[PDB]
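Trainee:
Protein chains: 6
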Amino acid sequence: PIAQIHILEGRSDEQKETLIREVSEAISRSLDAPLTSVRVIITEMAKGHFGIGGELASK
Amino acid sequence: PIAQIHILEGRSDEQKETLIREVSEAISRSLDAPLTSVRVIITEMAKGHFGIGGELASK
Amino acid sequence: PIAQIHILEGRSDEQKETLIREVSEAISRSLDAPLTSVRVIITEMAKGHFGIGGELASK
Amino acid sequence: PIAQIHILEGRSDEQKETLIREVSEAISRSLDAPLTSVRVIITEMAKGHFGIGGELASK
Amino acid sequence: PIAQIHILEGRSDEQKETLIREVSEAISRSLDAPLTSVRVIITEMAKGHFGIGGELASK
Amino acid sequence: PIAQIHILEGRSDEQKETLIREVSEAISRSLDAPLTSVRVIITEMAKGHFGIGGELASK
Numbered sequence: 010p011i012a013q014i015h016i017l018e019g020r021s022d023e024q025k026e027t028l029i030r031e032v033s034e035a036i037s038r039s040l041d042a043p044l045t046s047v048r049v050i051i052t053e054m055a056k057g058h059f060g061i062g063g064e065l066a067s068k
Numbered sequence: 010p011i012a013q014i015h016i017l018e019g020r021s022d023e024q025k026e027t028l029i030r031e032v033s034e035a036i037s038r039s040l041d042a043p044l045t046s047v048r049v050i051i052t053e054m055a056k057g058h059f060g061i062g063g064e065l066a067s068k
Numbered sequence: 010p011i012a013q014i015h016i017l018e019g020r021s022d023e024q025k026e027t028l029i030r031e032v033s034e035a036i037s038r039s040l041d042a043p044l045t046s047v048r049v050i051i052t053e054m055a056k057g058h059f060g061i062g063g064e065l066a067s068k
Numbered sequence: 010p011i012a013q014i015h016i017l018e019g020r021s022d023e024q025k026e027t028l029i030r031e032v033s034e035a036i037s038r039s040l041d042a043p044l045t046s047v048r049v050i051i052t053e054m055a056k057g058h059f060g061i062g063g064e065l066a067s068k
Numbered sequence: 010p011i012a013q014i015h016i017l018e019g020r021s022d023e024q025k026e027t028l029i030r031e032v033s034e035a036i037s038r039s040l041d042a043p044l045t046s047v048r049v050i051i052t053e054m055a056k057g058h059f060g061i062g063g064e065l066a067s068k
Numbered sequence: 010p011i012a013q014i015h016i017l018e019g020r021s022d023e024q025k026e027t028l029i030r031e032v033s034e035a036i037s038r039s040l041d042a043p044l045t046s047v048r049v050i051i052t053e054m055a056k057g058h059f060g061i062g063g064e065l066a067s068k
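Protein chains in written order, with this note's numbering: chain W, 10 to 68; chain U, 10 to 68; chain R, 10 to 68; chain C, 10 to 68; chain D, 10 to 68; chain P, 10 to 68.
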């Protein structure tokens, strides 16, 4: 399984390290797949690179 | 947050519904973000559309 | 520019042909880029492959 | 609907803010979906991270 | 390394198996990375799900 | 054809220029598609943005 998570810039390294571990276990147990096969990719978005309803994430 | 998970075809609806819930909570609690903002997308791959080390996932 | 839009299954061919044209012009004029360089990709999601807040798109 | 647009680095913030608004309305009206549900993500590519026909975007 | 290739529907299984092997070696040797670490994902697009310059891939 | 390759940060410009050329030819010849139609996108991941088996790529 391969997960790509898009998050807004601003979290700490520990926070993202945690996210990678948590999401990785959730996939593993949800699909009964070996954890070692799970691959996660975090992609940060600049507050000005994310639109919601037409408005920027930043405002 | 927006997560897109790529999984091989073959799981049941219940299994994928569980995956979407689990992964969704893991992201929420890991980033302290409201669950209602989390968006998950499952993309299934045909066993013959996934390569590992050059070999097909199917063989 | 290359845009990949994820939409829930259910629209008509005409609707998606329109989406591809509209979005393609919006990118072109917004970035002053030649329309001929714009590439759009539509990816449909099964109602049961899209989660929002942990719940399935379908329910 | 969720759109991810890949563009080469170099545009101004106003230009990208415009792109996000324009593309967001185009999707909304094309699919008759509520604007508030539209999510756009801009991903910039370094001129040396984009290949066209085998050649770099930069040259 | 993880590559996701978007191709129009229509190729044979042998053709796609070849694509996965070729592209997988090209990445391996280009980055001097172990072939066993390379992961490829093929995503087919319906001729009516791909726009070029605003026009559908099919026409 | 459109390929998006995710690689860990650290390679040189020449190395990535090579990757773009190699992968681009591999796709071209594998699918008998004109090279000029091939589009490659490299996306670098920070060592702390890639998880394998739950552990960070960096450790």
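Ideal Cβ positions, reconstructed from N, Cα and C, are used throughout, including at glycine.
Can you list the residues of chain D that R:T45 reaches, using a CB-CB cut of under 7 Å?
Mentor: As a position in the third sequence, residue 45 of chain R is number 36, starting the count at 1. Chain D residues near R:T45: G62.
Trainee: Mind listing the chain P neighbours of R:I11? Cutoff is C-beta to C-beta under 8 Å, in chain order.
Mentor: Within the third sequence, the letter at position 2 stands for residue 11 of chain R. Correct list: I11, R48, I50.
Trainee: Looking only at C-alpha atoms, which of P:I29, P:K68, P:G62, P:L65 sits nearest to P:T45?
Mentor: The residue given as residue 45 of chain P occupies position 36 in the sixth sequence. The shortest C-alpha separation from P:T45 is found at P:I29.
Trainee: Within 8 Å (strictly less), CB to CB, does U:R38 reach chain R?
Mentor: The residue given as residue 38 of chain U occupies position 29 in the second sequence. With 8 Å as the cut-off, U:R38 does not count as an interface residue toward chain R.
Trainee: Can you look up U:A35 in the DSSP assignment and give me helix, strand or coil?
Mentor: In the second sequence, counting from the first residue as 1, residue 35 of chain U sits at position 26. Three-state DSSP puts U:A35 in a helix.
Trainee: Could you pull the start and end residues of the beta strand (DSSP E) that W:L17 belongs to?
Mentor: Here residue 17 of chain W corresponds to residue number 8 of the first sequence, with the count starting at 1. From DSSP, the beta strand (DSSP E) with W:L17 extends over 11 to 17.
Trainee: Under the rule that 16 or more other beta-carbon atoms within 10 Å means buried, what is R:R38, buried or exposed?
Mentor: Residue 38 of chain R sits at position 29 when you count from the first residue of the third sequence. Counting Cβ neighbours within 10 Å, R:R38 comes out exposed, since fewer than 16 surround it.
Trainee: Are any of the Cβ atoms in chain C nearer than 8 Å to that of R:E31?
Mentor: Residue numbering aside, residue 31 of chain R sits at position 22 when the third sequence is read from its first letter. By this cut-off, R:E31 is an interface position.
Trainee: Using the beta-carbon of each residue, which ones in chain W are nearer than 9 Å to P:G57?
Mentor: The residue you call residue 57 of chain P lines up with position 48 of the sixth sequence. Ordered by position in chain W, the residues that pass the 9 Å Cβ test against P:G57 are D22, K25, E26, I29, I51.
Trainee: Report buried or exposed for R:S33, applying the criterion of at least 16 other Cβ atoms within 10 angstroms of its Cβ.
Mentor: As a first step, residue 33 of chain R must be located in the third sequence, where it is residue number 24. Buried, since its Cβ has 16 or more Cβ neighbours within 10 Å.
Trainee: For C:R20, which three-state DSSP category applies?
Mentor: Against the fourth sequence, residue 20 of chain C aligns to sequence position 11. Residue state, collapsed to three classes: coil.
Trainee: Could you check what DSSP says for P:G60 in three-state terms: helix, strand or coil?
Mentor: Here residue 60 of chain P is taken as the residue at index 51 of the sixth sequence, counted from 1. Three-state DSSP puts P:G60 in a strand.
Trainee: Given that R:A35 touches chain C, what residues does it touch there, using C-beta distances under 8 Å?
Mentor: By 1-based counting over the third sequence, the position of residue 35 of chain R is 26. By Cβ distance, chain C contributes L28, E31, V32, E34, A35.
Trainee: Residues in the same chain with beta-carbon distance under 6 Å from D:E23, minus the five sequence neighbours each way, listed in chain order, please.
Mentor: Taking the fifth sequence and counting its residues from 1, the one referred to as residue 23 of chain D is at position 14. If we look at D:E23 and ignore the five residues flanking it on each side, it has no Cβ neighbours.
Trainee: Please report the straight-line C-alpha distance between residue 75 of chain C and R:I14, rounded to a whole angstrom.
Mentor: The question about residue 75 of chain C has no answer here: the residues shown for chain C are numbered 10 through 68.
Trainee: Any Cβ of chain D within less than 8 Å of the Cβ of U:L65?
Mentor: Here residue 65 of chain U refers to the residue found at position 56 when the second sequence is read from its first residue. With 8 Å as the cut-off, U:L65 counts as an interface residue toward chain D.
Trainee: Thinking C-beta only, is W:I11 closer than 8 Å to U:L40?
Mentor: On the second sequence, position 31 is the one that residue 40 of chain U refers to. On the first sequence, position 2 is the one that residue 11 of chain W refers to. Against a cut-off of 8 Å, the Cβ pair of W:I11 and U:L40 comes out as no contact.
Trainee: By alpha-carbon positions, which one of D:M54, D:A42, D:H58, D:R20 ends up nearest to U:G62?
Mentor: As a first step, residue 62 of chain U must be located in the second sequence, where it is residue number 53. That would be D:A42, whose Cα lies nearest to the Cα of U:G62.
Trainee: Using DSSP's beta-bridge definition, name the partner residues of U:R48.
Mentor: As a working mapping, residue 48 of chain U is identified with position 39 in the second sequence. For U:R48, which the question treats as bridged, DSSP gives the partners U:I11, R:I61.
Trainee: For U:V47, which residues of its own chain have a beta-carbon under 7 Å away from its beta-carbon, when the five flanking residues on both sides are left out?
Mentor: Residue numbering aside, residue 47 of chain U sits at position 38 when the second sequence is read from its first letter. Within the same chain, U:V47 has close Cβ partners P10, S33, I36, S37.
Trainee: Considering only C-alpha positions, which residue in the set W:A55, W:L65, W:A66, W:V49 is nearest to P:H58?
Mentor: Position 49 of the sixth sequence, counting from 1, holds the residue named residue 58 of chain P. It is W:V49 whose Cα lies nearest to the Cα of P:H58.
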